[PDB]
Amino acid sequence: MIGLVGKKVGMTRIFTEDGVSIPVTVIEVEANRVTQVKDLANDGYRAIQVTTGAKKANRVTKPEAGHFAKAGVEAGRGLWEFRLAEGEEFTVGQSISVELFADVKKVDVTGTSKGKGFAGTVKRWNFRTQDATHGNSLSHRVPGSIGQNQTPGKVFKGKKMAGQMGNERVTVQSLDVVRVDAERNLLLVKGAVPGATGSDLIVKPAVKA
Amino acid sequence: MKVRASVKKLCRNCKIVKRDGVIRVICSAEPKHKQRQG
Amino acid sequence: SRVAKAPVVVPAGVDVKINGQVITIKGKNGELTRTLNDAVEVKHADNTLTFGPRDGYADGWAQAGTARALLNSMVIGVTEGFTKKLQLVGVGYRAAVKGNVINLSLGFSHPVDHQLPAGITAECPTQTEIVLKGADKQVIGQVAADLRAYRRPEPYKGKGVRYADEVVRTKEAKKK
Amino acid sequence: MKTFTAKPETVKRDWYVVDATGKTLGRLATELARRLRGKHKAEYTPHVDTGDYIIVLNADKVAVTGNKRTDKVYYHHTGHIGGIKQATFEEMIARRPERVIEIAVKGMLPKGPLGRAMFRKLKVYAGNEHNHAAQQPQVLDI
RNA sequence: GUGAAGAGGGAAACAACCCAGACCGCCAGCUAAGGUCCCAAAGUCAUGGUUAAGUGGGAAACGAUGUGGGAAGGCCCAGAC
RNA sequence: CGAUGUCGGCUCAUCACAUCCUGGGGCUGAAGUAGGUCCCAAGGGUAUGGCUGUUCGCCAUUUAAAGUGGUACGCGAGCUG
RNA sequence: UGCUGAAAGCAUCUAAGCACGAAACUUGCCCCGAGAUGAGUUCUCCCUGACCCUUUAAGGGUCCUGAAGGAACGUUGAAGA
């Protein structure tokens with residue numbers, strides 16, 4: 001399933017006559033250019049190569065510019081090859097936008113997680129702290145639940161440590177479509193989207209039945 | 001049902017049958033006496 | 001190992017054609033069966049059959065004692081086939097045939113809606129009788145054993161799919 | 001005089017192929033390992049390479065004795081908490097038939113990397129053909 | 001009796017148990033226990049019987065027409081399961 | 001004997017199955033709703049307070065389970081006294 | 001849960017021959033992942049050079065000419081000890 005690459009902006013409310021204000025996450029679409037169209041020549045597969053919107057491209061390298069010359073005359077953002085499924089997906093006719101959401105009402109959104117620095121355990125991993133009461137000092141928030149006794153000898157991922165977390169691929173599947181307008185190029189969903197304003201938000205309709 | 005650990009040949013309508021490595025009780029007159037293993 | 005001695009006997013309505021391991025048999029049940037004598041060898045005498053062991057295959061008369069039954073079951077299979085014995089009990093319960101798809105209503109959320117194997121027909125002469133049609137004695141018994149397994153017969157109600165048999169598994173009530 | 005001490009400049013490479021039709025896995029894998037080690041060419045040294053390159057023509061044509069398709073459990077583990085991962089010939093042969101002999105020789109070859117030095121000379125294929133017609137592998141018998 | 005104060009080959013392990021006693025060198029051979037599938041060297045050993053349990057290579061009551069070989073007993077060619 | 005600091009608690013799980021809740025099959029003196037209760041299985045799931053150092057035992061109130069157990073009878077270069 | 005069926009006329013899910021199926025599980029989804037040394041694929045971009053010496057089938061020197069690109073050095077941040 002092709003992703004539409006919507007970018008993060010913010011949340012709004014939209015109301016109904018029963019006074020319910022209906023908070024919804026906002027995404028404004030610009031859609032794909034389509035820049036290769038692969039069919040059969042490499043490993044029998046079909047793939048679109050989408051390219052999103054436009055960019056200033058003020059310092060691009062020749063390895064990028066020689067590809068922009070065969071893609072068109074205006075330089076887009078990203079790449080995303082997007083492999084197509086047999087009898088399920090097509091590249092033929094007009095290129096597609098928000099008609100992906102005309103009857104499918106659950107979606108998935110890939111993005112990039114925020115940087116947690118030290119990360120730790122008692123916030124990120126739902127662990128309890130030690131209390132500063134009863135004359136207790138020196139170890140209140142310091143991790144140390146790592147063994148017994150000599151029996152463990154090797155460590156599994158149910159044990160948690162400090163170290164850099166964030167700045168990698170993260171995906172959410174909690175989102176429900178509340179309003180779509182193809183003439184306003186607008187998608188409104190219930191629930192929140194990961195990471196920072198701008199970014200990418202790859203956004204595609206759900207494949208779970 | 002039960003398995004217990006041993007089987008008896010208590011009536012004439014019971015014959016006791018070994019199928020696919022296991023011995024079992026079946027009685028067409030009384031399902032109360034179904035038993036596995038022996 | 002006594003049954004490999006048997007003459008088997010065949011009706012006039014079968015011509016019994018043979019070439020090496022391949023036996024070709026046909027009759028008025030719409031079937032043209034090609035069955036194999038690969039591990040054992042059979043000899044025909046126009047009305048009777050004799051089986052025996054092959055070179056490089058199992059010794060004695062045991063694997064031959066099975067081969068007679070399968071050939072008899074196919075001589076029957078191509079001439080007239082096998083008779084009905086599967087039944088349904090319960091009011092509003094219904095068996096139905098939708099081409100290669102079968103239906104069985106048992107008071108539940110969906111009517112089975114299952115699709116038949118290769119080489120078998122289903123028929124319902126009344127909504128509580130189930131007949132399976134073909135030439136293979138196995139598929140017409142295997143599909144009945146897969147069909148009877150849906151919800152299984154109820155103890156006091158007696159309801160569900162049953163066989164014609166003098167034994168009773170329906171239970172009677174007790175005083176409290 | 002001393003017995004033959006091998007120099008690393010002695011090394012030689014030739015290509016072979018063997019048909020798997022109806023053959024029992026262990027009676028093929030043991031014969032394969034003996035030719036893989038180079039016992040027809042060079043011996044009396046683990047200090048120098050002795051092996052020759054050999055193709056198993058079609059892995060889907062292999063068999064096992066009696067009921068042994070259900071035999072063995074192929075246990076392995078390293079971590080991700082407890083639980084031993086198990087396999088069966090009946091689950092390999094319909095997925096990738098090349099796999100059943102790729103695992104078989106691993107107890108027949110010596111030690112650690114000394115057996116791996118011969119495992120680099122092994123090829124297995126499925127589908128009645130291979131990719132090495134330019135190496136001209138010579139046919140083995142029987 | 002060995003070991004305590006006796007090394008070596010074997011029982012992959014194992015003072016002692018098995019075998020056998022230690023000067024040193026062998027571009028030697030014959031024997032001991034033990035081994036002869038394969039890491040791992042020497043029988044993919046031969047002959048006959050046993051055997052579906054991977055038992056062999058951890059385990060009892062009991063049960064099944066488990067199953068090889070036998071004799072005595074009943075049922076029996078005028079006739080038996 | 002040139003020191004594997006003493007009981008329970010908190011933190012923290014993790015393995016077993018003679019399975020507690022979940023599933024699969026069944027007999028019932030199971031007509032139905034409940035109940036009694038035995039094979040098969042380790043994917044997912046199994047309570048807090050009072051006096052009391054006490055976990056526990058007793059009690060109060062709650063469960064789908066508050067299951068029966070192993071972990072130096074799981075707790076100090078981790079804590080309280 | 002099993003069908004057709006022998007060895008053991010019958011009987012049998014098994015011997016020859018072939019089916020159903022669990023909250024479990026492989027693919028499917030979501031994320032990682034070719035040091036997968038078995039290191040796979042494909043597209044976009046670039047460079048079209050000589051000489052001296054020697055105990056040299058190899059080293060030590062000099063000059064022409066350095067692409068595509070990368071980094072330092074900066075102004076710092078959605079990234080950070």
# chains A, B, ... in the order shown; residues from 1 in each chain; ligands from 1
call {"tool": "closest_atom_pairs", "arguments": {"of": "chain C", "to": "chain F", "cutoff": "10 Å", "atoms": "only C-alpha atoms (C1' of nucleotides)", "output": "tab-separated table"}}
result
residue	atom	partner	partner_atom	distance
C:155	CA	F:30	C1'	9.4
C:156	CA	F:31	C1'	7.0
C:157	CA	F:31	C1'	9.2
C:171	CA	F:31	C1'	9.4
C:172	CA	F:31	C1'	7.8
C:173	CA	F:31	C1'	4.9
C:174	CA	F:31	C1'	7.0
C:175	CA	F:31	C1'	8.9
C:176	CA	F:29	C1'	8.6
call {"tool": "select_by_dssp", "arguments": {"residues": "chain B", "states": "strand (DSSP E or B)", "output": "PDB file with N, CA and C atoms, in the first residue's frame"}}
result
ATOM      1  N   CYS B  14     -18.165 -55.268  26.275  1.00  0.00           N
ATOM      2  CA  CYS B  14     -16.816 -54.712  26.224  1.00  0.00           C
ATOM      3  C   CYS B  14     -15.823 -55.761  25.699  1.00  0.00           C
ATOM      4  N   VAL B  17      -9.976 -52.253  22.845  1.00  0.00           N
ATOM      5  CA  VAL B  17      -9.386 -52.025  21.514  1.00  0.00           C
ATOM      6  C   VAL B  17      -8.105 -51.186  21.570  1.00  0.00           C
ATOM      7  N   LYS B  18      -7.048 -51.653  20.894  1.00  0.00           N
ATOM      8  CA  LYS B  18      -5.776 -50.933  20.716  1.00  0.00           C
ATOM      9  C   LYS B  18      -5.723 -50.265  19.339  1.00  0.00           C
ATOM     10  N   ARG B  19      -5.659 -48.933  19.331  1.00  0.00           N
ATOM     11  CA  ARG B  19      -5.675 -48.060  18.150  1.00  0.00           C
ATOM     12  C   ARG B  19      -4.545 -47.034  18.215  1.00  0.00           C
ATOM     13  N   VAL B  22      -2.238 -46.775  21.390  1.00  0.00           N
ATOM     14  CA  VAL B  22      -2.931 -46.654  22.690  1.00  0.00           C
ATOM     15  C   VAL B  22      -4.071 -47.666  22.807  1.00  0.00           C
ATOM     16  N   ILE B  23      -4.289 -48.210  24.007  1.00  0.00           N
ATOM     17  CA  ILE B  23      -5.427 -49.084  24.331  1.00  0.00           C
ATOM     18  C   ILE B  23      -6.546 -48.283  25.014  1.00  0.00           C
ATOM     19  N   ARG B  24      -7.804 -48.542  24.635  1.00  0.00           N
ATOM     20  CA  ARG B  24      -8.998 -47.832  25.120  1.00  0.00           C
ATOM     21  C   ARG B  24     -10.175 -48.776  25.363  1.00  0.00           C
ATOM     22  N   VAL B  25     -11.111 -48.302  26.176  1.00  0.00           N
ATOM     23  CA  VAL B  25     -12.405 -48.935  26.450  1.00  0.00           C
ATOM     24  C   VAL B  25     -13.510 -48.184  25.718  1.00  0.00           C
ATOM     25  N   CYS B  27     -17.900 -49.156  25.111  1.00  0.00           N
ATOM     26  CA  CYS B  27     -19.030 -50.006  25.468  1.00  0.00           C
ATOM     27  C   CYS B  27     -20.283 -49.395  24.852  1.00  0.00           C
ATOM     28  N   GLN B  35     -12.830 -45.290  28.842  1.00  0.00           N
ATOM     29  CA  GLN B  35     -11.542 -45.144  29.537  1.00  0.00           C
ATOM     30  C   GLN B  35     -10.402 -45.111  28.506  1.00  0.00           C
ATOM     31  N   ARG B  36      -9.382 -44.275  28.735  1.00  0.00           N
ATOM     32  CA  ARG B  36      -8.157 -44.181  27.914  1.00  0.00           C
ATOM     33  C   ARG B  36      -6.951 -44.768  28.662  1.00  0.00           C
TER      34      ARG B  36
END
call {"tool": "residues_around", "arguments": {"residues": "range 56-68 of chain E", "least_positions_apart": "6", "cutoff": "9 Å", "atoms": "only C-alpha atoms (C1' of nucleotides)", "output": "VMD selection string"}}
result
(chain B and resid 5 to 7 17 to 18 23 38) or (chain E and resid 49 to 50) or (chain G and resid 8)
call {"tool": "closest_atom_pairs", "arguments": {"of": "range 85-159 of chain A", "to": "range 63-81 of chain G", "cutoff": "10 Å", "atoms": "only C-alpha atoms (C1' of nucleotides)", "output": "tab-separated table"}}
result
residue	atom	partner	partner_atom	distance
A:114	CA	G:78	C1'	8.5
A:115	CA	G:79	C1'	6.8
A:116	CA	G:80	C1'	9.6
A:117	CA	G:80	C1'	6.6
A:118	CA	G:81	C1'	8.7
call {"tool": "write_last_selection", "arguments": {"atoms": "C-alpha atoms", "output": "PDB file, in the first residue's frame"}}
result
ATOM      1  CA  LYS A 114      12.174  11.931  19.818  1.00  0.00           C
ATOM      2  CA  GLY A 115      15.628  11.767  21.471  1.00  0.00           C
ATOM      3  CA  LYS A 116      15.557  10.669  25.179  1.00  0.00           C
ATOM      4  CA  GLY A 117      19.324  11.268  25.948  1.00  0.00           C
ATOM      5  CA  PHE A 118      20.036   9.071  29.024  1.00  0.00           C
TER       6      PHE A 118
END
call {"tool": "residues_around", "arguments": {"residues": "residue 91 in chain D", "least_positions_apart": "6", "cutoff": "10 Å", "atoms": "only C-alpha atoms (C1' of nucleotides)", "output": "PyMOL selection string"}}
result
(chain D and resi 69-70+97) or (chain G and resi 26)
call {"tool": "decode", "arguments": {"residues": "range 1-32 of chain B", "atoms": "N, CA, C and O atoms", "output": "PDB file, in the first residue's frame"}}
result
ATOM      1  N   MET B   1     -14.851 -40.190  31.895  1.00  0.00           N
ATOM      2  CA  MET B   1     -13.707 -40.774  31.182  1.00  0.00           C
ATOM      3  C   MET B   1     -12.744 -41.438  32.165  1.00  0.00           C
ATOM      4  O   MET B   1     -12.850 -42.642  32.368  1.00  0.00           O
ATOM      5  N   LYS B   2     -11.826 -40.674  32.781  1.00  0.00           N
ATOM      6  CA  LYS B   2     -10.625 -41.149  33.494  1.00  0.00           C
ATOM      7  C   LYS B   2      -9.662 -41.983  32.629  1.00  0.00           C
ATOM      8  O   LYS B   2     -10.005 -42.522  31.577  1.00  0.00           O
ATOM      9  N   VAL B   3      -8.443 -42.126  33.143  1.00  0.00           N
ATOM     10  CA  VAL B   3      -7.432 -43.080  32.657  1.00  0.00           C
ATOM     11  C   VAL B   3      -7.069 -44.107  33.727  1.00  0.00           C
ATOM     12  O   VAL B   3      -6.784 -45.255  33.395  1.00  0.00           O
ATOM     13  N   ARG B   4      -7.088 -43.707  35.006  1.00  0.00           N
ATOM     14  CA  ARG B   4      -6.578 -44.473  36.158  1.00  0.00           C
ATOM     15  C   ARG B   4      -5.159 -44.985  35.845  1.00  0.00           C
ATOM     16  O   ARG B   4      -4.298 -44.156  35.547  1.00  0.00           O
ATOM     17  N   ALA B   5      -4.899 -46.288  35.864  1.00  0.00           N
ATOM     18  CA  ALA B   5      -3.695 -46.881  35.264  1.00  0.00           C
ATOM     19  C   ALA B   5      -3.881 -48.312  34.738  1.00  0.00           C
ATOM     20  O   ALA B   5      -2.938 -48.891  34.190  1.00  0.00           O
ATOM     21  N   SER B   6      -5.041 -48.936  34.951  1.00  0.00           N
ATOM     22  CA  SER B   6      -5.326 -50.288  34.471  1.00  0.00           C
ATOM     23  C   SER B   6      -6.794 -50.465  34.087  1.00  0.00           C
ATOM     24  O   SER B   6      -7.672 -49.750  34.574  1.00  0.00           O
ATOM     25  N   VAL B   7      -7.041 -51.414  33.186  1.00  0.00           N
ATOM     26  CA  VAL B   7      -8.338 -51.721  32.574  1.00  0.00           C
ATOM     27  C   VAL B   7      -8.808 -53.116  32.987  1.00  0.00           C
ATOM     28  O   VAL B   7      -8.005 -54.050  33.045  1.00  0.00           O
ATOM     29  N   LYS B   8     -10.113 -53.288  33.213  1.00  0.00           N
ATOM     30  CA  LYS B   8     -10.765 -54.584  33.479  1.00  0.00           C
ATOM     31  C   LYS B   8     -11.771 -54.941  32.378  1.00  0.00           C
ATOM     32  O   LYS B   8     -12.368 -54.058  31.768  1.00  0.00           O
ATOM     33  N   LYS B   9     -12.005 -56.239  32.159  1.00  0.00           N
ATOM     34  CA  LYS B   9     -12.890 -56.802  31.120  1.00  0.00           C
ATOM     35  C   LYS B   9     -14.172 -57.333  31.789  1.00  0.00           C
ATOM     36  O   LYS B   9     -14.394 -58.537  31.923  1.00  0.00           O
ATOM     37  N   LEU B  10     -14.949 -56.401  32.346  1.00  0.00           N
ATOM     38  CA  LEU B  10     -15.999 -56.654  33.345  1.00  0.00           C
ATOM     39  C   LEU B  10     -17.344 -57.090  32.757  1.00  0.00           C
ATOM     40  O   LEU B  10     -18.110 -57.738  33.466  1.00  0.00           O
ATOM     41  N   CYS B  11     -17.648 -56.738  31.511  1.00  0.00           N
ATOM     42  CA  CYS B  11     -18.871 -57.134  30.808  1.00  0.00           C
ATOM     43  C   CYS B  11     -18.565 -57.768  29.440  1.00  0.00           C
ATOM     44  O   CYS B  11     -17.438 -57.679  28.945  1.00  0.00           O
ATOM     45  N   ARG B  12     -19.561 -58.400  28.808  1.00  0.00           N
ATOM     46  CA  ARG B  12     -19.443 -59.091  27.512  1.00  0.00           C
ATOM     47  C   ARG B  12     -19.564 -58.111  26.339  1.00  0.00           C
ATOM     48  O   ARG B  12     -18.947 -58.330  25.301  1.00  0.00           O
ATOM     49  N   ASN B  13     -20.301 -57.018  26.514  1.00  0.00           N
ATOM     50  CA  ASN B  13     -20.405 -55.949  25.511  1.00  0.00           C
ATOM     51  C   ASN B  13     -19.106 -55.129  25.337  1.00  0.00           C
ATOM     52  O   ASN B  13     -18.948 -54.421  24.337  1.00  0.00           O
ATOM     53  N   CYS B  14     -18.165 -55.268  26.275  1.00  0.00           N
ATOM     54  CA  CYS B  14     -16.816 -54.712  26.224  1.00  0.00           C
ATOM     55  C   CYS B  14     -15.823 -55.761  25.699  1.00  0.00           C
ATOM     56  O   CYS B  14     -15.822 -56.923  26.116  1.00  0.00           O
ATOM     57  N   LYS B  15     -14.966 -55.335  24.771  1.00  0.00           N
ATOM     58  CA  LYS B  15     -13.965 -56.150  24.066  1.00  0.00           C
ATOM     59  C   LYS B  15     -12.550 -55.573  24.220  1.00  0.00           C
ATOM     60  O   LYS B  15     -11.599 -56.349  24.273  1.00  0.00           O
ATOM     61  N   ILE B  16     -12.430 -54.253  24.398  1.00  0.00           N
ATOM     62  CA  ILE B  16     -11.203 -53.458  24.594  1.00  0.00           C
ATOM     63  C   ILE B  16     -10.348 -53.449  23.313  1.00  0.00           C
ATOM     64  O   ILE B  16     -10.061 -54.496  22.740  1.00  0.00           O
ATOM     65  N   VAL B  17      -9.976 -52.253  22.845  1.00  0.00           N
ATOM     66  CA  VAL B  17      -9.386 -52.025  21.514  1.00  0.00           C
ATOM     67  C   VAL B  17      -8.105 -51.186  21.570  1.00  0.00           C
ATOM     68  O   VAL B  17      -8.072 -50.110  22.172  1.00  0.00           O
ATOM     69  N   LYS B  18      -7.048 -51.653  20.894  1.00  0.00           N
ATOM     70  CA  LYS B  18      -5.776 -50.933  20.716  1.00  0.00           C
ATOM     71  C   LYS B  18      -5.723 -50.265  19.339  1.00  0.00           C
ATOM     72  O   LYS B  18      -5.751 -50.953  18.312  1.00  0.00           O
ATOM     73  N   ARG B  19      -5.659 -48.933  19.331  1.00  0.00           N
ATOM     74  CA  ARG B  19      -5.675 -48.060  18.150  1.00  0.00           C
ATOM     75  C   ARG B  19      -4.545 -47.034  18.215  1.00  0.00           C
ATOM     76  O   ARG B  19      -4.405 -46.331  19.216  1.00  0.00           O
ATOM     77  N   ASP B  20      -3.765 -46.941  17.139  1.00  0.00           N
ATOM     78  CA  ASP B  20      -2.683 -45.955  16.952  1.00  0.00           C
ATOM     79  C   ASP B  20      -1.754 -45.824  18.184  1.00  0.00           C
ATOM     80  O   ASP B  20      -1.467 -44.734  18.681  1.00  0.00           O
ATOM     81  N   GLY B  21      -1.304 -46.967  18.702  1.00  0.00           N
ATOM     82  CA  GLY B  21      -0.334 -47.119  19.804  1.00  0.00           C
ATOM     83  C   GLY B  21      -0.960 -47.136  21.219  1.00  0.00           C
ATOM     84  O   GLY B  21      -0.260 -47.514  22.159  1.00  0.00           O
ATOM     85  N   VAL B  22      -2.238 -46.775  21.390  1.00  0.00           N
ATOM     86  CA  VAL B  22      -2.931 -46.654  22.690  1.00  0.00           C
ATOM     87  C   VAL B  22      -4.071 -47.666  22.807  1.00  0.00           C
ATOM     88  O   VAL B  22      -4.780 -47.918  21.835  1.00  0.00           O
ATOM     89  N   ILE B  23      -4.289 -48.210  24.007  1.00  0.00           N
ATOM     90  CA  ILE B  23      -5.427 -49.084  24.331  1.00  0.00           C
ATOM     91  C   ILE B  23      -6.546 -48.283  25.014  1.00  0.00           C
ATOM     92  O   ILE B  23      -6.274 -47.402  25.833  1.00  0.00           O
ATOM     93  N   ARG B  24      -7.804 -48.542  24.635  1.00  0.00           N
ATOM     94  CA  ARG B  24      -8.998 -47.832  25.120  1.00  0.00           C
ATOM     95  C   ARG B  24     -10.175 -48.776  25.363  1.00  0.00           C
ATOM     96  O   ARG B  24     -10.274 -49.848  24.761  1.00  0.00           O
ATOM     97  N   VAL B  25     -11.111 -48.302  26.176  1.00  0.00           N
ATOM     98  CA  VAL B  25     -12.405 -48.935  26.450  1.00  0.00           C
ATOM     99  C   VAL B  25     -13.510 -48.184  25.718  1.00  0.00           C
ATOM    100  O   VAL B  25     -13.628 -46.962  25.832  1.00  0.00           O
ATOM    101  N   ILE B  26     -14.361 -48.947  25.032  1.00  0.00           N
ATOM    102  CA  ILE B  26     -15.637 -48.528  24.457  1.00  0.00           C
ATOM    103  C   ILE B  26     -16.691 -49.591  24.790  1.00  0.00           C
ATOM    104  O   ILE B  26     -16.414 -50.787  24.753  1.00  0.00           O
ATOM    105  N   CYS B  27     -17.900 -49.156  25.111  1.00  0.00           N
ATOM    106  CA  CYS B  27     -19.030 -50.006  25.468  1.00  0.00           C
ATOM    107  C   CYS B  27     -20.283 -49.395  24.852  1.00  0.00           C
ATOM    108  O   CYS B  27     -20.716 -48.311  25.247  1.00  0.00           O
ATOM    109  N   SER B  28     -20.840 -50.057  23.841  1.00  0.00           N
ATOM    110  CA  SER B  28     -21.992 -49.550  23.091  1.00  0.00           C
ATOM    111  C   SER B  28     -23.282 -49.560  23.925  1.00  0.00           C
ATOM    112  O   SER B  28     -24.165 -48.736  23.686  1.00  0.00           O
ATOM    113  N   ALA B  29     -23.362 -50.414  24.948  1.00  0.00           N
ATOM    114  CA  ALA B  29     -24.434 -50.430  25.943  1.00  0.00           C
ATOM    115  C   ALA B  29     -24.317 -49.347  27.041  1.00  0.00           C
ATOM    116  O   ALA B  29     -25.343 -48.977  27.610  1.00  0.00           O
ATOM    117  N   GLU B  30     -23.118 -48.851  27.383  1.00  0.00           N
ATOM    118  CA  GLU B  30     -22.926 -47.893  28.489  1.00  0.00           C
ATOM    119  C   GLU B  30     -21.686 -46.976  28.308  1.00  0.00           C
ATOM    120  O   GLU B  30     -20.579 -47.323  28.728  1.00  0.00           O
ATOM    121  N   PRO B  31     -21.855 -45.756  27.766  1.00  0.00           N
ATOM    122  CA  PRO B  31     -20.797 -44.732  27.688  1.00  0.00           C
ATOM    123  C   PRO B  31     -20.159 -44.309  29.024  1.00  0.00           C
ATOM    124  O   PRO B  31     -19.052 -43.769  29.014  1.00  0.00           O
ATOM    125  N   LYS B  32     -20.785 -44.594  30.176  1.00  0.00           N
ATOM    126  CA  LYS B  32     -20.214 -44.376  31.527  1.00  0.00           C
ATOM    127  C   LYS B  32     -18.831 -45.013  31.694  1.00  0.00           C
ATOM    128  O   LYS B  32     -18.010 -44.501  32.459  1.00  0.00           O
TER     129      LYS B  32
END
